[PDB]
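# Understanding the architecture of this molecule
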Amino acid sequence: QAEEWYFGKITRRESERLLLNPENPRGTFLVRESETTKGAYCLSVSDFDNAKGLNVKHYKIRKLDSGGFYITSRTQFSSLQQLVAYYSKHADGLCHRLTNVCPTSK
(Lines give C-alpha, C1' and ligand atoms only; values in the text may rest on other atoms or scores of the structure.)
Protein backbone atom coordinates (compact mmCIF):
# COMPACT_ATOMS: atom_id res chain seq x y z
CA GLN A 1 0.00 0.00 0.00
CA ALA A 2 1.18 3.52 -0.77
CA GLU A 3 0.84 4.97 2.73
CA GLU A 4 0.38 8.68 2.06
CA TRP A 5 4.01 9.67 1.55
CA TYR A 6 5.50 6.21 1.08
CA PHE A 7 4.56 5.35 -2.49
CA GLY A 8 7.14 2.59 -2.75
CA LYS A 9 9.72 1.76 -5.40
CA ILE A 10 8.21 4.05 -8.02
CA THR A 11 10.68 5.09 -10.70
CA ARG A 12 11.58 8.72 -11.42
CA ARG A 13 9.52 8.89 -14.62
CA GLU A 14 6.42 7.45 -12.92
CA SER A 15 6.85 9.95 -10.11
CA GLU A 16 7.34 12.90 -12.47
CA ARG A 17 4.08 12.07 -14.26
CA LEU A 18 2.34 12.27 -10.89
CA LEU A 19 4.15 15.38 -9.62
CA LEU A 20 4.05 17.46 -12.82
CA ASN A 21 0.30 17.92 -12.54
CA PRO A 22 -0.47 21.66 -12.96
CA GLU A 23 -3.21 21.23 -10.34
CA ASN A 24 -0.60 20.33 -7.71
CA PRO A 25 0.35 23.09 -5.25
CA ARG A 26 3.92 23.84 -4.18
CA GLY A 27 4.72 21.47 -1.36
CA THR A 28 3.46 18.33 -3.05
CA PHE A 29 5.87 15.64 -1.87
CA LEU A 30 6.34 11.88 -1.82
CA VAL A 31 9.06 9.40 -0.92
CA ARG A 32 10.09 6.83 -3.49
CA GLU A 33 12.34 3.85 -2.90
CA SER A 34 15.29 4.07 -5.27
CA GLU A 35 16.01 0.88 -7.17
CA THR A 36 18.78 2.62 -9.08
CA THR A 37 20.41 3.40 -5.75
CA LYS A 38 19.70 0.60 -3.30
CA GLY A 39 19.49 1.47 0.37
CA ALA A 40 18.37 4.99 -0.43
CA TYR A 41 15.04 6.75 -0.67
CA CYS A 42 14.06 9.98 -2.38
CA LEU A 43 11.78 12.61 -0.93
CA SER A 44 10.72 14.38 -4.08
CA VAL A 45 8.98 17.72 -3.68
CA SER A 46 7.18 19.74 -6.33
CA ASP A 47 8.34 23.35 -6.15
CA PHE A 48 6.89 26.28 -8.03
CA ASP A 49 8.64 29.35 -9.39
CA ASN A 50 6.98 31.96 -11.61
CA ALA A 51 9.97 31.68 -13.92
CA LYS A 52 10.69 27.95 -13.95
CA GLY A 53 7.16 26.67 -13.51
CA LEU A 54 6.43 23.53 -11.52
CA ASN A 55 9.85 22.04 -10.86
CA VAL A 56 10.44 18.77 -9.06
CA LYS A 57 13.22 18.90 -6.50
CA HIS A 58 14.63 15.44 -5.83
CA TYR A 59 16.06 15.31 -2.32
CA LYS A 60 17.91 12.15 -1.39
CA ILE A 61 17.12 10.12 1.71
CA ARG A 62 20.39 8.60 2.84
CA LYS A 63 20.49 5.72 5.31
CA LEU A 64 22.65 5.55 8.40
CA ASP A 65 23.55 2.01 9.41
CA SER A 66 23.28 3.00 13.06
CA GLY A 67 20.65 5.73 12.95
CA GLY A 68 17.99 5.79 10.27
CA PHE A 69 17.15 8.17 7.45
CA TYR A 70 18.37 11.69 6.68
CA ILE A 71 18.14 14.02 3.69
CA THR A 72 20.85 16.31 5.02
CA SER A 73 23.60 16.06 7.66
CA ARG A 74 21.42 18.12 9.99
CA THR A 75 18.14 16.44 10.82
CA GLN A 76 18.24 12.68 11.22
CA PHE A 77 15.30 10.42 12.04
CA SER A 78 15.04 6.71 12.78
CA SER A 79 11.94 6.35 10.59
CA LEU A 80 10.51 7.74 7.35
CA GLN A 81 7.36 9.01 9.07
CA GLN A 82 9.43 10.80 11.70
CA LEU A 83 11.33 12.46 8.85
CA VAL A 84 8.43 13.72 6.73
CA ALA A 85 6.39 14.74 9.78
CA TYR A 86 9.17 17.08 10.94
CA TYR A 87 10.06 18.33 7.45
CA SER A 88 6.37 19.19 7.07
CA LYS A 89 6.85 22.01 9.57
CA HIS A 90 10.55 22.74 9.34
CA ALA A 91 11.91 22.30 5.82
CA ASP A 92 15.41 22.57 7.28
CA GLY A 93 17.21 21.76 4.02
CA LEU A 94 14.34 21.93 1.54
CA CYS A 95 13.27 25.27 0.07
CA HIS A 96 9.67 24.51 1.01
CA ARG A 97 8.27 22.51 3.93
CA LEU A 98 6.31 19.35 3.15
CA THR A 99 2.78 20.63 2.71
CA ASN A 100 0.69 18.06 0.87
CA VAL A 101 1.40 14.55 -0.35
CA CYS A 102 1.26 13.69 -4.06
CA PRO A 103 -2.29 12.62 -5.01
CA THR A 104 -2.71 9.43 -7.01
CA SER A 105 -5.65 8.16 -9.04
CA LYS A 106 -5.02 4.42 -9.08
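Residues numbered from 1 in each chain as written, not as in the entry; some residues may be left out. Heavy atoms only, no water.

Per the deposition metadata, solution NMR was the technique used to determine this entry.

## Focus: the pattern of salt bridges
Here the structure, examined in full by the defined rule, presents four salt bridges. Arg12 serves as the salt-bridge partner of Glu16, at 2.7 Å between the closest nitrogen and oxygen. Pair noted here: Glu16 and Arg12 are both in helix α1 (residues 12-19), with a separation of four residues, about one helical turn. Given the relative accessible area of 12%, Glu16 is considered buried. Of the charged contacts in the structure, one is a salt bridge between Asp92 and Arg74, with a shortest N-O distance of 2.7 Å. Linking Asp92 in the loop between α2 (80-87) and β6 (100-101) with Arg74 in the loop between β5 (69-70) and α2, this pair joins segments that are 18 residues apart in sequence. Using a relative accessible area of 54% as the deciding quantity, one classes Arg74 as exposed. What emerges from the salt-bridge pattern is a single network uniting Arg12, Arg13 and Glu16. (Salt bridge = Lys/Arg side-chain N within 4 Å of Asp/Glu carboxyl O. Helix = DSSP H or I, 4+ residues; strand = E, 2+ residues; numbered from the N terminus. Buried < 20%, exposed > 50% of the residue type's maximum accessible area, 1.4 Å probe, protein only.)

## What about the nonpolar core?
Grouped together as the largest cluster of nonpolar side chains are 17 residues, with contacts concentrated most on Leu43, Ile61, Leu83 and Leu94. The set of elements that each furnish at least two residues to this core consists of β2 (28-33), β3 (41-49) and α2. Per-element tally for this core: the top contributor is α2, with four residues. Counting six residues, the second largest nonpolar core, distinct from the first, contains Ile10, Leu19, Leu30 and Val56. (Core = buried A, V, L, I, M, F, W, Y, C linked by side-chain atoms within 4.5 Å.)

## Focus: the side chain of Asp47
Structurally, the position occupied by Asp47 is in strand β3. Its relative accessible area of 6% is what places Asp47 among the buried residues. Among all residues touching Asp47, those that are not within four sequence positions of it are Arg26, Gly53, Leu54, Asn55, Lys57, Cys95 and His96. (Contact = heavy atoms within 4.5 Å.)

## Regarding the packing of aromatic side chains
Counted by the stated rule, this structure contains six aromatic pairs. Seen from their ring centres, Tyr6 and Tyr41 are 5.7 Å apart, and the 75 degrees between their planes marks the pair as edge-to-face. One end of the pair, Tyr6, is in strand β1 (residues 6-8); the other, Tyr41, is in strand β3, with 35 residues separating them in the sequence. Since its relative accessible area comes to 24%, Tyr6 is described here as partly exposed. Residue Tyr41 is classed as buried on the basis of its relative accessible area of 12%. Relative to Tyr86, the ring of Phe77 has its centre 5.3 Å away and its plane inclined at 40 degrees; by these criteria the two rings are tilted. Assessed through its relative accessible area of 13%, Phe77 is described here as buried. The exposure class of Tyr86 is partly exposed, given its relative accessible area of 33%. Clustering of aromatic rings is evident, with ring pairs tying together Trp5, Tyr6, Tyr41 and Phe69. (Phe/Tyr/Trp six-rings, centres within 6.5 Å; stacked < 30°, edge-to-face > 60°.)

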